[PDB]
Amino acid sequence: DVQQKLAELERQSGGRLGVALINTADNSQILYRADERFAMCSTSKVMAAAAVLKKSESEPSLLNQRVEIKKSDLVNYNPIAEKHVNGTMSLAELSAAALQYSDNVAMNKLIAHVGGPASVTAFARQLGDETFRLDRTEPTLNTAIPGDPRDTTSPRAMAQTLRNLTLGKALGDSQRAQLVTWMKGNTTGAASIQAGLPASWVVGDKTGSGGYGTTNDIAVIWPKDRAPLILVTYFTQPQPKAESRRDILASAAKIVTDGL
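Take the sequence shown: its letters are residues 28 to 57, 59 to 238, 240 to 252, 254 to 290, numbered as in the deposited numbering.
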């Protein structure tokens, strides 16, 4: 069955796998280690962008607000921000860069705007997510040390929250649409969940990676002529310098969606 297949995949992988699928056709879930904590890495960029979107509901000019980019802002991975040093980007542009290119400067600007990691966490709490915690900024939030609860969530909580953000009523209508538009335009996810789904299915996702070979993806999925799915696949490994294993996420996605 699906549980045995996931256990076998985990055994083969040598690491620790967390999966939560919500099928909105029948309001069912497929769960594997879904209440364990995993380091989110860049999948936390969804919550930061959503916090800024929430703020924009009562401040219509917010997405146009200009943010200075300086050499002092650069971190480890800055594919968009590095092109704008000594200029500004709007908060909309930073949100897009964080979500679609995983730009770390962009993430730090979103975090700073709303008040820091504790404010992103407070936003999660306001949504009814009592598991999520964003502790640190970029680049340190990705250390992913085993047993460290900083910058973690559970697959169950993240799937439920992503459902709320993308398909539910956490955000106003325009803001929900904007988050969905941004995630559907992600450029970084083709090797992860998407690689385990049929080519025709439409996906909005956010990947992340970090220490201990941590390899993650969270997605909203519109299968051909079906109600949408939400899928979280988190994976981490025992060795500090383990390599990424996006193939494991793809395999997990194939296993949990084959019964469709």
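Heads up, the beta-carbon is just placed ideally off N, CA and C, and yes, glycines get one too.
Are the beta-carbon atoms of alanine 146 and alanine 134 separated by less than 8 Å?
Position 118 of the sequence shown holds residue 146. Position 106 of the sequence shown holds residue 134. Contact: no.
With distance defined between alpha-carbon atoms, name the residue in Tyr264, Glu85, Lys271 nearest to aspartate 277.
By one-based count along the sequence shown, residue 277 stands at place 247. When only C-alpha atoms are compared, the closest one is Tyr264.
Nearest neighbour of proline 252, chosen from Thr266, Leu225, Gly238 [CA to CA]
In the sequence shown, the residue the question calls residue 252 occupies position 223. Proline 252 has its Cα closest to that of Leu225, out of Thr266, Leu225, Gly238.
For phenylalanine 66, the residue or residues it bridges with in DSSP
For the purposes of this step, residue 66 is identified with residue 38 of the sequence shown, where counting begins at 1. Paired residues: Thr181.
Sort out for me which residues DSSP pairs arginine 43 with in a bridge.
As a first step, residue 43 is located in the sequence shown; it is residue number 16 there, counting from the start. Beta-bridge pairing links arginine 43 to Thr266.
So what does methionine 117 bridge to, in DSSP terms?
Taking the first residue of the sequence shown as 1, we reach residue 117 at position 89. Paired residues: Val95.
Closest Cα partner of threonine 243 within the set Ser220, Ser228, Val230, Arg256
Position 214 of the sequence shown, counted from the start, is the residue given in the question as residue 243. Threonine 243 has its Cα closest to that of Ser220, out of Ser220, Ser228, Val230, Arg256.
Please classify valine 230: is it buried, with 16 or more other beta-carbons within 10 angstroms of its beta-carbon, or exposed?
In the sequence shown, counting from the first residue as 1, residue 230 sits at position 202. It is exposed - the Cβ of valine 230 has fewer than 16 other Cβ atoms within 10 Å.
According to DSSP, simplified to helix, strand and coil, what is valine 133?
Position 105 of the sequence shown, counting from 1, holds the residue named residue 133. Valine 133 falls in the helix class under three-state DSSP.
Does the beta-carbon of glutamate 121 have 16 or more other beta-carbons within 10 angstroms, so that it is buried, or is it exposed?
By one-based count along the sequence shown, residue 121 stands at place 93. It is buried - the Cβ of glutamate 121 has at least 16 other Cβ atoms within 10 Å.
Taking the beta strand (DSSP E) that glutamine 56 falls in, what are its first and last residues?
Translated into the one-based positions of the sequence shown, residue 56 becomes position 29. Looking at the DSSP string, the run of the beta strand (DSSP E) that includes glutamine 56 is 55-60.
Could you check what DSSP says for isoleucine 250 in three-state terms: helix, strand or coil?
Position 221 of the sequence shown, counting from 1, holds the residue named residue 250. The answer is strand: DSSP assigns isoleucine 250 an E or B state.
Residue burial classification, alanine 280 (beta-carbon count within 10 angstroms, cutoff 16):
The count along the sequence shown starts at 1 and reaches residue 280 at position 250. By the 10 Å Cβ count, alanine 280 comes out buried.
Which residues bound the beta strand (DSSP E) around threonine 235?
Position 207 of the sequence shown, counting from 1, holds the residue named residue 235. Run containing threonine 235: 230-238, per the beta strand (DSSP E) assignment.
Enclosing alpha helix (DSSP H) for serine 84 [first to last residue]:
Along the sequence shown, one-based indexing puts residue 84 at 56. Segment 73-84, the alpha helix (DSSP H) holding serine 84.
Going by Cα to Cα distance, which pick from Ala150, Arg153, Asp163, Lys73 is closest to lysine 137?
Position 109 of the sequence shown, counted from the first residue, corresponds to residue 137. Minimum Cα distance to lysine 137 is reached at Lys73.
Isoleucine 260 and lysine 32: beta carbons closer than 8 Å?
One-based indexing of the sequence shown puts residue 260 at position 230. One-based indexing of the sequence shown puts residue 32 at position 5. No; because the gap between Cβ atoms is not below 8 Å, this pair is not in contact.
Near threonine 215, which residues of its chain fall below 8 Å by C-beta distance, leaving aside the five closest residues on each side in sequence?
If you number the sequence shown from 1, residue 215 lands on position 187. Contacts found: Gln128, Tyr129.
Taking its Cβ as the centre, do 16 or more other Cβ atoms sit within 10 Å of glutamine 269, making it buried, or is it exposed?
Looking up residue 269 in the sequence shown gives position 239. Burial call: exposed.
Residue closest to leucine 169, alpha-carbon to alpha-carbon, out of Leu44, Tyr105, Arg61
Here the question's residue 169 lines up with position 141 in the sequence shown. Residue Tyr105 is the option with its Cα nearest to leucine 169.
Inter-residue spacing [alpha-carbon to alpha-carbon] between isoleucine 108 and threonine 116
Along the sequence shown, one-based indexing puts residue 108 at 80. Along the sequence shown, one-based indexing puts residue 116 at 88. Using only the alpha carbons, I get a separation of about 12 Å.
Could you please give the first and the last residue of the uninterrupted alpha helix (DSSP H) stretch that includes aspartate 201?
Taking the first residue of the sequence shown as position 1, residue 201 is located at position 173. Its alpha helix (DSSP H) spans residues 201-212.
How big is the Cα-Cα spacing for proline 174 and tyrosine 241?
Within the sequence shown, the letter at position 146 stands for residue 174. Within the sequence shown, the letter at position 212 stands for residue 241. Straight-line Cα distance between these residues: approximately 8 Å.
State buried or exposed for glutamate 96, treating a residue as buried only when at least 16 other CB atoms are found within 10 Å of its CB.
Your numbering for residue 96 matches position 68 in the sequence shown. Exposed, by the Cβ-count rule.
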